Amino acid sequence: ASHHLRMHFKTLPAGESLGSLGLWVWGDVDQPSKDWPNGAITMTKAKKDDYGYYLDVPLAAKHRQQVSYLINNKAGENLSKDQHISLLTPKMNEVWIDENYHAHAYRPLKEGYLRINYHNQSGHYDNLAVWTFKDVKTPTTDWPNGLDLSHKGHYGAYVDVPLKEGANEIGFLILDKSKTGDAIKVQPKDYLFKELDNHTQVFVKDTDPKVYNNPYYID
């Protein structure tokens, strides 16, 4: 198939061997599972990585909106319960499934931090910085010397920002320290984010004033 969903699992069912575990899929997949239970994708095909295990599921050639799945075993038990993933866009190629089978469109990070990812067209991040305020642990000082965007990730440059105990809302702005006066602000409107319980990354780009909760920039 032309499109795949790379499924990252944090923890597979306790005490079960990969040789007895299956990934049983339906919805907008290329080849829905048939013949219960042995028609599942054998999880022997999964590979170990840092997060856990991952397994690539071929997706439908057209109309990629939702994938459903469960983890079974060769005795025919539904070990996970049925689960469902909304594809934010038909190009969504990667998901992270935590130990409670909650799905994420990026790798969830450590609690009490927000990663701010910033992407631009040129890929030039030298002397760009992040100004932070509201419920961060330590707001930036000495305008315009904010947090460097020296770390490079999958979704542009980034910085990991510690949040205050009980944080509800963060504000930030992307700065260009090579400039002077009003041009230091890459764009003029403050970014505001207040969904900290669901989300440990956010995504901003170019001169777009919106904060996105996913790397596909879907509002």
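Note that residue numbering follows the sequence shown and begins at 1.
As recorded in the PDB entry, 165-173 is the stretch of 165-173 and 48-56 with the greater mean C-alpha temperature factor. Between 152-160 and 66-74, it is 152-160 that carries the larger average Cα temperature factor according to the deposited entry. When the C-alpha B-factors of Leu79, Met92, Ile97, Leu109 are ranked from the entry, the top spot goes to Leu109. Sort the chain's modelled residues by C-alpha temperature factor and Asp35 lands in the middle third, per the entry.
Ranked by Cα temperature factor within the chain, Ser20 sits in the lowest third according to the deposited record. The entry lists a Cα temperature factor for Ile116 that places it in the lowest third of the chain's modelled residues. Residue-level temperature factors show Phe193 in the highest third of its chain, judged at the C-alpha atom.
When the modelled residues of the chain are ordered by C-alpha B-factor, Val186 sits in the middle third.
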